[PDB]
Structures are given as C-alpha cells and as structure tokens.
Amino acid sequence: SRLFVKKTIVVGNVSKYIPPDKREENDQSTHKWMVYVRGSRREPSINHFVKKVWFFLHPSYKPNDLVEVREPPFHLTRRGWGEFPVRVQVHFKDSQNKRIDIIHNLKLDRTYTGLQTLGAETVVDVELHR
C-alpha cells in the first residue's frame, strides 16, 4: 500500500510597531516582526518530522536574506519597514519526504500602539510517508 499521513504546517507572523522614540538613529525600521513555522495544537509537535526550515527574505535584507533554523522553535525575528512574501522551505528528517516551499505574505501591525498583534497565517497540509 501507498500509506501516508497528513500533517498541518502553519506559517504565520506577528509584529509590533516601534515608535520613533525607541528607534535608533538612521534605522528605517518601523516594526519588529517574527515569522513562525509550527504544527497545529491538535496533532503532534513538528520537531518529530521537520529537520530544518529555510527563510528566504526580500533582497533588502542582504547579505542576511537567507536564514536557516535547524532546531525548534522555527522562528525568525527581524526589524523592518515593509511587507513582502516570505518564502519558507521546510526540510524533513526522513529525506523520503521532499522539501516543501510555502509563501507567506508578511502582515505588519497597523494599530501602532507598540503592542504585538497577530498578522497573518498561511496553513498547508503536508503528506509524510508512513
């Protein structure tokens, strides 16, 4: 039989506004954001099957536009000014499962209170060999 299991992979982000009072000089960043990659609360945690996650950022982040998180939590925290598609590449411990690309549209806070707010979530099902 060709047996598989579906697992949920959530790519989301949060962010908070950074008032001008708390920005350093010549820092064009208005926000601090965090992109996260995780499973659902109602199925097993994703360290069991994910080996690493690559983040591919906008070229404005060069030469640090390519970030590798090899161990949980699969999070990326950055200051910034703009929204853009974050490309997430999830590699699996069992190399039988081929790596998958997820595109996440970064959403930045517009309440501008300086508190952290939930931005967006991109949810996909992945198939793992069983």
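Residue indices: 1-based, along the sequence shown.
**Student:** Do a third or more of the other compared PDB entries fail to give coordinates for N97?
**Tutor:** Yes, left without coordinates in at least a third.
**Student:** If you take the mean CA temperature factor per stretch, which one wins between 18 to 26 and 115 to 123?
**Tutor:** Comparing averages over the C-alpha atoms only gives 18 to 26.
**Student:** Please compare 44 to 52 with 60 to 68 and name the stretch with the higher mean C-alpha B-factor in the deposited structure.
**Tutor:** That would be 44 to 52.
**Student:** According to the deposited entry, which of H104, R38, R79, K93 has the largest Cα B-factor?
**Tutor:** When the deposited C-alpha B-factors of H104, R38, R79, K93 are compared, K93 is largest.
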